[PDB]
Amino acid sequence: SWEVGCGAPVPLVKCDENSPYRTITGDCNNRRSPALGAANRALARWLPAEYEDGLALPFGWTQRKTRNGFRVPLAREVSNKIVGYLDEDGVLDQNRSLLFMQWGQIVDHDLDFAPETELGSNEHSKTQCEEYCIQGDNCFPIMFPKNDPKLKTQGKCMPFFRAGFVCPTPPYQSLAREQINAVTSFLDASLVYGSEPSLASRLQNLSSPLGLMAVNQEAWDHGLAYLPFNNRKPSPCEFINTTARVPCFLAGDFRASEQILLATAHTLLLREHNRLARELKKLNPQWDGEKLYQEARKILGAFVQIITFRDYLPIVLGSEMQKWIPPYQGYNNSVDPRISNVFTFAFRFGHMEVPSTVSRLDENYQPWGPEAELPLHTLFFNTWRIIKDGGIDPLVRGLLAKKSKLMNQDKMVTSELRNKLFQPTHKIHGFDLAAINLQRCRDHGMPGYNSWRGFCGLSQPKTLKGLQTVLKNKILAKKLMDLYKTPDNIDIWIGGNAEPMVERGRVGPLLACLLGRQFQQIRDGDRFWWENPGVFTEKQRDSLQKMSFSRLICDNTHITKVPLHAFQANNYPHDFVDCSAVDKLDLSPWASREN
C-alpha cells in the first residue's frame, strides 16, 4: 500500500531555473521534486506515526486505551514530578553564554513551526476548551493531576489546541495525520524575510529602491533601527502592560516577540540586512531595489548557516559532531532536506537551557539601572522594556556576559517556563511549556523513547535497572518507571532530555543522533548552501568565513567591546576586546564589475 498524491493546499509555481536566489517559500530548491523543504507542507516522517487509533488521536486521548498495555501518564504530572525544581542556585552553565540558548531558538525558528489549528476566531472551540476543559476535536486540554497547586488557583486544566495538519484542516480519514511545517526547512533566515510572499513583501521597503527592510517609524534606538510593529489586535505585547501600549514586532516569523531576547536577536538581524544593503548600493550604485534585497538576504542567510554550523553545532553536539556532520562534500539532491516531525521535539532541548532571569547591563557590564535583572516571565511578549527602558544594547550585553541554564537531570526546566508561561490567547502567566511539549509529542503522533533509541542504534532499556544504566540516574529512572511503566511509553521529549550530556556537548546520545542527522540533511540537501560551488565565488567565500556574531554585534549596536567566541561563557573585561580586534566582513568581492 501507499499514497503519493496528497499535496492539495499548494499553489505550484514556476521554477526560474538557474535563478541565483532562493524563493521565499523554499520551492524550487530541489529540481527533481521542487516542493522539497518548502514551507506549508507536511513535515517529514522518519518513522511511521503512532496514534491511539492508528490515524489521528494522540495517545492519552482515550482513558480506556493503553499504550503497550499501560495508561500514559498526564503530561502535567510528568512535569511536576520530573521536570520541576525550586532552587535556581547552582544552575548556570559555566561554559555557555546566554547567547547559546538564544541562537538555538533562532535556528529552531528558521527551521520549523507547526501552527495550532485555527478553525475559529469567533468560534467556541476556544472558549469551551478554556472554560470547561472538555476534550474534543482540536481541544486536547492538559488536565491537572490530583495534588496540583494549579488546581487550587487555575481550574481543572490548561488549554491546548492540536497542531495544524495538511490535506484538510477539518478532520481526515485515510493516511495518518501529518502536521505542517509553516516555515522553510532550509536554514535560510526565513525568520527574518518570512516564508510566504504576502509577508516577505509586507516586510519590505517598497517606497525606495535601496533593498531595505521596513523599519519602525514610531521608535528608534540611538538612531539605530527597530523592527516595525505589528497590525494584529488583540496584541499580546499590549495585553502584557495595557498602560504602555507597546505592541509586538513584525518579523519574517510570527514568534519574534515570545520573549525579549528573541525579539532582540531579530533586531540583531534586520539591522544587518539594511547595513548590508546600504553598503552594497554604495558599492554597486546600478543595482535594483530587488537586487539589493536579494543579495543582502543571500549574505544574511549565509551568516545564519555559518554561525550555526561552525560555532553552534559543534558545542551543542560535542563528540558526535563528526559522527553526523562530516566536513562538507557538496550538494546532494538525493538528500531529503525536509524537517522531520521528531526534530521539532528534539530541538526542544533548548527549553532546559533557559534560566530564570534576564539582565540589562551598561557599558562597564554592570547592572543597568535599579531593575537590571528581571524574572523571565515578566518578559514573555514584552517589547515595552525594549522601547521605553534601555536600548537593545543592555540586553545584548546580557546575552554576552550572562550564562545559559545548564540542563540538569534534577533541575530540568525553570518554573518561569514550567509554571509561569504566558500564552498569547490566554490571559495568565500560568502555563507549563514542559507539559505542553509532552502533550504535543502525543498530538504529533510521536513514537516512544525506545523506538527512537532503536532508530539511532542505541540500546532499548526494558527494565528499571536498565533505564538507570542508560540515564546513569537511579532516582530519575524510578520516577520515569513509576509514571510510564515501560520506557517504550516514555515521551521522546523527556526521554531524550533525560540522558546525560554527551561529552563537550549539551545533549545526550539519542538527541545528538536525531539532531545531527537532521542538520546533516539540512546541509547536504540545500542547493543554495553558502559553501556549494556556484552559490558564492571563492572570493566571496573567503569574506564570509570571517563573519562572527561578535562582528554582528559591533556593526549593529553601540557595543564596542565583545568576546571573540561569543557562545562560550565570557566575563568582562578579561574575555572582552575592542571591536577593532574583531574581523570584518569585506564586501570588495561583491563589486559588480560588469566592466
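Numbering starts at 1 and follows the sequence shown.
The mean C-alpha temperature factor is higher for 162-170 when 162-170 and 315-323 are set side by side. As recorded in the PDB entry, 137-145 is the stretch of 137-145 and 447-455 with the greater mean C-alpha temperature factor.
The PDB entry assigns the greatest CA B-factor among 91, 433, 464, 224 to 224. Taking the deposited Cα B-factors for 486, 378, 204, 414, the highest one is held by 204. When the CA B factors of the chain's modelled residues are split into thirds, the value for residue 526 lands in the lowest one. Among all modelled residues in its chain, residue 369 ranks in the middle third by Cα B-factor. Among the modelled residues of the chain, residue 178 sits in the middle third by CA temperature factor in this PDB entry. When the modelled residues of the chain are ordered by C-alpha B-factor, residue 50 sits in the lowest third.
In this PDB entry, residue 568 carries a Cα temperature factor that places it within the middle third of its chain's modelled residues.
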